Protein chains: 4
Amino acid sequence: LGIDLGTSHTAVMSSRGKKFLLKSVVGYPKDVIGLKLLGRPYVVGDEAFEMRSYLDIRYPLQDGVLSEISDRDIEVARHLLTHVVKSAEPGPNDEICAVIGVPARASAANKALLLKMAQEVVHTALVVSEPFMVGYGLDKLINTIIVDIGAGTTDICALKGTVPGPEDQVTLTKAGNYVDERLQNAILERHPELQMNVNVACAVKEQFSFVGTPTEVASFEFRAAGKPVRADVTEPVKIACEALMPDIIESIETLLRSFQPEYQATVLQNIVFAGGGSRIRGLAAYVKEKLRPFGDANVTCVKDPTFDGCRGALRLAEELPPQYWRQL
Amino acid sequence: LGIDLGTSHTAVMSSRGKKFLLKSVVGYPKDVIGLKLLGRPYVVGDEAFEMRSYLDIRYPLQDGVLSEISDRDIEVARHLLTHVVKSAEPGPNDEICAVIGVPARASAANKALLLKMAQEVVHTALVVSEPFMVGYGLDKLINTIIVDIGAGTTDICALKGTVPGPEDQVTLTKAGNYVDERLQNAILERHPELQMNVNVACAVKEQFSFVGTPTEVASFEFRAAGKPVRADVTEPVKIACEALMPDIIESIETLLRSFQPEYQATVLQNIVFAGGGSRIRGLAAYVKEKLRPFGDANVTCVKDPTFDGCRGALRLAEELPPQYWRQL
Amino acid sequence: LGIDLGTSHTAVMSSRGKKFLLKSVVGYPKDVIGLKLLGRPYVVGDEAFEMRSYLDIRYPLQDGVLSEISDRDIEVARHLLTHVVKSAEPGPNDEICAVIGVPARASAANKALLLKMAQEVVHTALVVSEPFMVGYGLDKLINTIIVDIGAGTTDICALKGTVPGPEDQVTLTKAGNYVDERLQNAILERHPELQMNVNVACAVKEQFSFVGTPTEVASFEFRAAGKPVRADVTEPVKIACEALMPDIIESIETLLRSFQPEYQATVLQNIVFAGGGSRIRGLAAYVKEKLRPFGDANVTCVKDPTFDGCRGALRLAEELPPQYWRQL
Amino acid sequence: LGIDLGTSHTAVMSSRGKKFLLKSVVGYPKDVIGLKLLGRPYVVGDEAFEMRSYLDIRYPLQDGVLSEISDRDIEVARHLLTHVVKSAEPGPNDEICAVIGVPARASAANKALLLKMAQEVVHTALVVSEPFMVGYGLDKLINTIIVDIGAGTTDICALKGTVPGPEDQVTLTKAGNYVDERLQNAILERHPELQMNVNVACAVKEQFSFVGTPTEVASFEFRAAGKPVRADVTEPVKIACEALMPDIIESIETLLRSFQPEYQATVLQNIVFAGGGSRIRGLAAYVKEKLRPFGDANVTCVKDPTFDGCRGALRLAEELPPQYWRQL
Ligand SMILES: Nc1ncnc2c1ncn2[C@@H]1O[C@H](COP(=O)(O)OP(=O)(O)O)[C@@H](O)[C@H]1O
Ligand SMILES: Nc1ncnc2c1ncn2[C@@H]1O[C@H](COP(=O)(O)OP(=O)(O)O)[C@@H](O)[C@H]1O
Ligand SMILES: Nc1ncnc2c1ncn2[C@@H]1O[C@H](COP(=O)(O)OP(=O)(O)O)[C@@H](O)[C@H]1O
Ligand SMILES: Nc1ncnc2c1ncn2[C@@H]1O[C@H](COP(=O)(O)OP(=O)(O)O)[C@@H](O)[C@H]1O
Ligand SMILES: [Mg+2]
Ligand SMILES: [Mg+2]
Ligand SMILES: [Mg+2]
Ligand SMILES: [Mg+2]
């Protein structure tokens, strides 16, 4: 059971052979109101996004990584597993093991969290990081730089072929949520100084992801009063979003300098952008083109990362020689 | 010039020879109270704590050095410099160079910020990290794992014999602010469900820092309604703060595993704790005593870190051979 | 002036008659820390061994042979010479001549290097093979095969009747350093796979040199992690050290076969072992006893080679007239 | 079965009559990649050159001298045999005897290893030195010193008389590996002080072998930091290999002293140079020309030594009279 548990979607590819491309966020009814009819005993996935105004949303994966459960009872993770795993549970003992995607710098408490749940439910406790699944799934060679841009963290993975873990790699905290804070600051420098929330900032990032080049687009949107309506330009959206590139290429530069000549010379392994970064236009302009410029390596974007994360799930589904399971 | 940035203090050690015990927080007037340009054009220190309800508080440190400057025009930095540096400014044109403490994993954007400030004050921009600044004030031998427990980060950096700088260093995010979040989470799961804020969690941490041992103390504090007042037993304050110790000694263990036999055999040089951590009772119990226990090396607590930060400035005040200034 | 320059010690006896049993290894401070001037411009002796983690210690005697010195200024050897001059400074024209010990197969280029330095410090250059120097100090008869087992090389030299020079003498590269590599090979091919360096392997050899017989000893030492500690057996230390002697007596067999009939009948002339090999227990068992046995010649080990290196200096102080000086 | 076994490449002539110029170095997979002992039962030659970062490489012929295989099972040399010899094995018992090239000064321990391998392949163990292949294949008269300059050994052949095999000959291991050490030290004399590994040192030697004369060439490569690619000059490359020939002709001078009057009078037979050193420009300058000069003897170089190694193997293949094999 290879699951890419992330900040937006939850890509489930079982070993049995079924594909369930489910969604993120877990809530439960904020006050005492209604029975199951109104809400549900915890709400998981798309209905919690649809009812995000009626539920208390308890972070279950802070910064794209298993936290601990802030309710301090392990019920957000329990009802998460109820929705994802129990409702689609194999009825023939398809010898099921569990691989939950973790960020590149995962803690031992996140490993312990997965361990306790694997012992409770009944799954071999395996821990594989998100960019490892990509490097095992997509048939890439060493060294293929993997930049996974989600909402919570930004994983800069460029390990040697031993894949030692968090030794020669760094998980950055500046991600989509950091950009959303800068987008909130960007619209406070406008004339009417709108104060929109994070959900609105996410909508602008999703619909108008034109960061490398000044594509002439605008967000036709309403002001806080509700009657005024105008096309908000993306002049300060470009400025806000392009300020994270320096840190990405600085971490890449620092790592490449410390590697051997054959890992320095990879002007053909490219830099692979996955996640939400694959849907942002103009990220190849900085490295490949003449804009940052950052050397001259080519840049590759993953088409449909949600569908290509199940390839890594399939790769780890077989055969996983028990000897590897004891060693991981 | 040595500036020891911090939440508790922003200490200044001049070349002339004076110690200025200055304080944190920078705001500027959000309303129309007092005068802003003729009274307090930005407010720094204890007056900003005193008037924290009428000022717009735009952090500018975030547990470390230059954060980013949320004004986004060098206005938090400029009026901070006006308060601190221009008030201590030597009048005899003393060969002043700028040494400002940075976190163990400092960025190049922090260096860029230091450079922008160095152009404002025309001084040489020098970059010295805090763990080594402590080992300059307290000249201990190799190697004493200097751990700086502050409000923002927890910097764990062992020392190498040649003292090359922080090449192998750990900066954790779990710090005093993380403890305050856990303290809030603890009292939201109790009988009376206290509704205290972050500053109150910090206040109780400061007044009753008993974590290693169950010393029977109680915090005379107001209940969730606000008028009722009683001696509230600090039972779960010990529990909440206990859970950060594992990570501190895990990073040290990871270093010891990677160290060579010469560096492994250094338990007589002990581990030194500075910052707010050195004012917590029971910190030596885990490592020095027989409670975790963690090995054998003894524990030394820094008394009055403010003074020892000025010792590090004094060490770096002379002679700093221009050749060292070009090389740093 | 006789200098027995080794990897363990540097025995100095002046012409005047004073004994200075000085120490090995030359370093200098590796990164910018402290000041060599304040400490020592290059550090010579056990201070550099004790501070080998603070200093760059570039080998200045690869297997009893001076290196080319990549700095190309010969300042490792000039400060080494200075160290000895500080200990044994000449005053009233101390008829000082330089007796320098060399390995048995030293090249003319190696002698020319020593000659250049002897001309720099104005002294008569007298190149004497180390095995012959031992036979000058400990006056044995012909033919007493002298085997000098050091860290760098193993010098096997039958004493010649008139001692004409390098007629037939052998320098092997397998020595203490080779055995230390085999000790590393032992602990890396065992169950717990201990991770220890050469310095520690040398320490175990020094403290527990029990090779011919299975003396029941154990080395109380820390494991690869560094915290665990236990008494490690010397079963595979005996195996690792066993294979030195076979190669030594292989070369001696070649000498015995090459001897003329009057040199063949020399079983009462025996074989004398010096260096670090004189402090190994069970060495005489291989030859003298009935273990290999290598014939039945008796074995004599040199007691305190450090103290008996000055006896050869005294023998090569006097005499050596204007004909001996022109001859070398 | 005449096998020239080296560290760069091998040369095998079969009884059938085919030339196999196959490559050297043996590893086996250390990281998890493909199948370990099933994808390639130990990895030899060009796949180990291409995949050198995934393999554990354990040399078994340091400087033309068989080691002891530190795995302590002698499986690195046995799988090498199954790679080369078993893959080209006669299927009709083409009377096969094993002729493995040995250094001019081989030990009895090296012969013991040949005997261990001869039991694995069931063939007669024959011991013939490497430069005898050259002197018998390319029939030169007696006595024409042969200097075959390889990576590991530079066997100095001087056909002796009577006694038993090696009477007056010496293996010189001041060879490619020595030059690699000189090159690494010579590029540290540059301004930025390049710090390159052995593979790069070999690459520069192979591409621009200009030593005797100052031919102005340069190699576009990475500097010490390794950011720019610039035409790196060969000023200190000429210096690095300047002290090689002097030491070679030092040994030849010693041979000329040991030669009989008619053996000494062989300047019309010249000195024959082979191996990788035969493709270094300026080789005859030192001896034949007026640069050292070493007298005035003429110099002959072998064209394509790699292709002439099979001619020497063929010469030993036939007829190889059994009476000679019993006597060898
Ligand atoms: N078209 C788009 N342009 C920019 N960002 C997008 C787009 N679609 C989704 N995203 C962003 O992708 C982020 C989710 O991270 P992603 O890696 O795609 O999901 P997961 O973490 O589940 O694998 C969200 O911040 C979301 O706004
Ligand atoms: N007696 C005390 N017990 C516990 N913590 C204290 C005490 N006094 C001060 N502190 C804490 O020390 C912290 C300040 O440490 P400091 O090194 O200035 O932080 P930073 O350098 O990250 O800004 C604050 O969180 C403060 O509450
Ligand atoms: N008690 C001991 N047992 C075994 N070896 C020892 C002992 N004491 C010293 N040695 C070894 O003696 C060696 C020193 O030999 P030395 O003559 O100084 O070397 P070199 O001749 O190469 O200069 C070192 O390898 C050291 O470990
Ligand atoms: N054109 C060249 N110039 C100089 N050296 C070369 C050249 N080509 C190969 N070599 C060197 O020849 C050496 C190997 O020669 P070889 O006779 O195969 O030695 P071995 O038998 O010890 O492997 C290597 O060091 C290689 O770099
Ligand atoms: Mg993800
Ligand atoms: Mg601090
Ligand atoms: Mg010696
Ligand atoms: Mg060869």
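What counts as what
Residues numbered from 1 in each chain as written, not as in the entry; some residues may be left out. Chains lettered and ligands numbered in written order. Part of a larger assembly, values for the part shown. Heavy atoms only, no water. UniProt positions renumbered as here; feature names shortened; annotations may be inferred. Core = buried A, V, L, I, M, F, W, Y, C linked by side-chain atoms within 4.5 Å. Buried < 20%, exposed > 50% of the residue type's maximum accessible area, 1.4 Å probe, protein only. Contact = heavy atoms within 4.5 Å. Buried area = accessible area lost by both parts, 1.4 Å probe. Salt bridge = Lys/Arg side-chain N within 4 Å of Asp/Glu carboxyl O. Polar contact = N/O pair within 3.5 Å; in protein donor to acceptor, adjacent residues only side chain to side chain. Helix = DSSP H or I, 4+ residues; strand = E, 2+ residues; numbered from the N terminus. Near = heavy atom within 4 Å. Areas by Shrake-Rupley, 256 points an atom, 1.4 Å probe, with all protein chains shown as cover. Nonpolar A, V, L, I, M, F, W, Y, C, P; charged D, E, K, R; others polar. Axes fitted to C-alpha atoms, helices over the stretch in contact; angles between N-to-C directions. Parallel < 35°, antiparallel > 145°, perpendicular 65-115°, else oblique. Least-squares fit on C-alpha atoms. Pairing = 2+ DSSP bridges. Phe/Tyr/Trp six-rings, centres within 6.5 Å; stacked < 30°, edge-to-face > 60°. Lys NZ or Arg CZ within 6 Å of the ring centre and 35° of its normal. Patch = residues over 30% accessible without salt bridge, like charges linked within 9 Å, V, L, I, M, F, W, Y side chains within 5 Å. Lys, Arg positive; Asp, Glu negative; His and termini not counted.

The name given to chain A in the PDB entry is Actin-like ATPase, and the organism recorded there is Magnetospirillum magneticum. For this structure, the PDB entry title reads "Cryo-EM structure of the MamK filament at 6.5 A". Quoted verbatim from the Sequence similarities field of UniProt, the annotation for chain A is "Belongs to the FtsA/MreB family. MamK subfamily."

Caption draft 1: Up close: the nonpolar core. By size, the foremost hydrophobic cluster in this structure holds 49 residues, and its most contacted members are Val147, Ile156, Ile248, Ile252 and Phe273 of chain B. Every residue in contact with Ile156 of chain B, bar those within four places of it in the chain, is listed here: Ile145, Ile146, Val147, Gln169, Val170, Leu172, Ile248, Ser251 and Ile252 of chain B. One finds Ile145, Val211, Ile248 and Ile280 of chain A within the second-largest nonpolar core, a separate group that totals 33 residues.

Caption draft 2: Seen up close, the interface of chain A and chain B. Listed per partner, the contact involves 12 residues of chain A and six residues of chain B. Across the chain A to chain B interface the summed buried area is about 830 Å²; carbon plus sulfur atoms make up 26%. Summed over the shared surface of chain A and chain B, the number is one salt bridge. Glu68 of chain B is paired through a salt bridge with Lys174 of chain A; the nearest N and O atoms lie 3.8 Å apart. Connecting chain A to chain B are one residue pair in polar contact. If one sorts the elements of the side of chain A that touches chain B by residue count, helix α5 (residues 176-186) of chain A sits on top with four residues.

Caption draft 3: Summary view of the site of ligand 1. All names here are of chain A. Near ligand 1 lie 14 residues; those nearest to it are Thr7, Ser8, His9, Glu206 and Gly275. In isolation ligand 1 exposes 570 Å². Once the protein is present, 80% of that is buried. Here the residues of the shell around ligand 1 are counted per class, giving three nonpolar, eight polar and three charged.

Caption draft 4: Representation of the packing of α5 of chain A against helix α6 (residues 198-207) of chain A within the structure. All names here are of chain A. Running from N to C, α5 and α6 point in directions that differ by 105°, and their axes come no closer than 9 Å. Taken together, the axes of α5 and α6 are roughly perpendicular relative to one another. On α6, the residues touching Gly176, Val179, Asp180, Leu183 and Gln184 of α5 are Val198, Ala201, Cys202 and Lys205. Per-class residue counts for the contact of α5 with α6 are five nonpolar, two polar and two charged.

Caption draft 5: Just the relation of the copies chain A and chain B, in detail. When chain A is fitted to chain B, the best match, at an RMSD of 1.4 Å, comes from turning it 180° and sliding it 0.6 Å along the axis. What the superposition gives is, in effect, a two-fold axis relating one chain to the other. Measuring from the rotation axis to each C-alpha of chain A, the shortest distance belongs to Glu167 of chain A, at 5.1 Å.

Caption draft 6: View of the pairing of strand β3 (residues 19-23) of chain A. As defined by bridge partners, strand β2 (residues 9-13) of chain A adjoins β3 of chain A across five bridges and the pair is classed as antiparallel. Bridged to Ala11 of chain A within β3 of chain A is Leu21 of chain A.

Caption draft 7: Main features of the arrangement of the chains. Pairwise contact counts over the four pairs of chains in contact peak for chains B and C. The closest approach of any C-alpha atom in chain A to one in chain C is 16 Å; the two make no contact. Contact between chain B and chain D is absent, and the least distance between their C-alpha atoms amounts to 15 Å.

Caption draft 8: How the structure looks around the interface of chain C and chain B. Chain C puts 15 residues into the contact, and the matching count from chain B is 17 residues. Regarding the contact of chain C and chain B, the summed buried area is about 1,300 Å², with carbon and sulfur atoms giving 54% of it. Inspection of the region where chain C meets chain B yields one salt bridge. One salt bridge connects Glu262 of chain B with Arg52 of chain C, and the closest N-O pair in it is separated by 3.4 Å. Across the contact surface, chain C and chain B share four residue pairs in polar contact. In the side of chain C that touches chain B, the residues fall into six nonpolar, four polar and five charged.

Caption draft 9: Looking closely at the environment of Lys116 of chain B. Locating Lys116 of chain B in the fold gives a position in helix α3 (residues 108-121). With 42 residues separating them in the primary sequence, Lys116 of chain B and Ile74 of chain B have C-alpha atoms 8.1 Å apart.

Caption draft 10: The arrangement of the site of ligand 3 in detail. Residue and element names in this part refer to chain C. The environment of ligand 3 is made up of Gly6, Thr7, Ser8, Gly150, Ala151, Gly152, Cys202, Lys205, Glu206, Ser209, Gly276 and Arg279. The contact in question runs from an oxygen atom of ligand 3 to an N or O atom on the backbone of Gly152, over 3.0 Å. Protein chains bury 84% of the 580 Å² of accessible surface belonging to ligand 3 in isolation. Each residue belonging to the shell around ligand 3 can be placed in one class, and the counts come to two nonpolar, seven polar and three charged.

Caption draft 11: A look at the packing of helix α4 (residues 130-137) of chain C against helix α11 (residues 305-315) of chain C. Residue and element names in this part refer to chain C. Axis separation between α4 and α11 bottoms out at 7 Å; the angle between their running directions is 85°. Judged on the interaxial angle alone, α11 and α4 are roughly perpendicular. Facing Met133, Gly135, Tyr136 and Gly137 of α4, the residues of α11 in contact are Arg311, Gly312 and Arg315. Of the residues contributing to the contact of α4 with α11, the split by class is two nonpolar, three polar and two charged.

Caption draft 12: Seen up close, the packing of aromatic side chains. Tallying each qualifying case throughout the model produces seven aromatic pairs over all chains. Here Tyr28 of chain B and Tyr42 of chain B contribute two aromatic rings whose centre-to-centre distance is 5.2 Å and whose plane-to-plane angle is 40°, an arrangement assigned as tilted. Of the two residues, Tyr28 of chain B is situated in strand β4 (residues 26-29) and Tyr42 of chain B in the loop between β4 and β5 (43-44); the sequence distance between them amounts to 14 residues. For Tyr28 of chain B, a relative accessible area of 17% corresponds to the buried category. In this structure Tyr42 of chain B comes out as buried when scored by relative accessible area, which is 10%. An angle of 45° between the planes, with centres 6.1 Å apart, marks the rings of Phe132 of chain D and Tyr136 of chain D as tilted. Here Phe132 of chain D pairs with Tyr136 of chain D, and both are found in helix α5 (residues 130-137), just four residues apart, close to one helical turn. Classification of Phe132 of chain D by relative accessible area gives buried; the value is 17%. The exposure class assigned to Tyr136 of chain D is partly exposed, which follows from its relative accessible area of 36%. One cation-aromatic arrangement involves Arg52 of chain A over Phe49 of chain A; the distance from NZ or CZ to the ring centre is 4.5 Å.

Caption draft 13: Seen up close, the sheet that holds strand β5 (residues 43-44) of chain A. All names here are of chain A. The strand order β5-β4-β6 describes an open sheet built from three strands, whose pairing is antiparallel. If you trace the sheet from one side to the other, it starts and ends with β5 and β6 (55-57), each paired once. Summarising the sheet, strand β4 (residues 26-29) and β6 pair through three bridges and their orientation is antiparallel. Bridge assignment links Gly27 to a residue of β6, and that residue is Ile57.

Caption draft 14: Highlighting the sheet that holds β5 of chain B. Residues and elements named next belong to chain B. In spatial order, the strands read β5-β4-β6; together these three strands make up an open sheet with antiparallel pairing. Edge positions in the open sheet fall to β5 and β6 (55-57), since each of these has one partner strand only. Bridge analysis of β4 against β5 gives two bridges, and the strand direction is antiparallel. Considered in β5, the bridge of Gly27 is made with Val43.

Caption draft 15: Layout of the pattern of salt bridges. Residues and elements named next belong to chain C. With the rule as written, the count across this model stands at 50 salt bridges over all chains. Residue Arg292 is joined to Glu242 by a salt bridge in which the shortest nitrogen-to-oxygen separation is 3.4 Å. Pair noted here: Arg292 is in the loop between α10 (283-287) and β15 (299-301) and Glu242 is in helix α7 (residues 235-242), with a separation of 50 residues, a long-range link. Residue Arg292 is classed as partly exposed on the basis of its relative accessible area, which comes to 39%.

Caption draft 16: The arrangement of the side chain of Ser67 of chain B in detail. Locating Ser67 of chain B in the fold gives a position in the loop between β6 and α2 (75-88). There is a polar contact of 3.5 Å between the side chain of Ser67 of chain B and the backbone oxygen of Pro60 of chain B.

Caption draft 17: Representation of a nonpolar patch on the surface in the model. All names here are of chain A. On the surface, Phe220, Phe222 and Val229 cluster together into a nonpolar patch covering about 320 Å² of accessible area. Structurally, the position occupied by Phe222 is in strand β12 (residues 218-222). Residue class for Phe222 comes out partly exposed when judged on its relative accessible area of 47%.

Caption draft 18: Spotlight on the side chain of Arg182 of chain B. Mapped onto the fold, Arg182 of chain B is located in helix α5 (residues 176-187). Although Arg182 of chain B lies buried, it forms no salt bridge, and the closest oppositely charged side chain, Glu68 of chain A, sits 4.1 Å away as judged by the N-O distance. When near neighbours in sequence (up to four residues on either side) are disregarded, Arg182 of chain B contacts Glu68 and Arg72 of chain A together with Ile239, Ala240, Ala243 and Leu244 of chain B.

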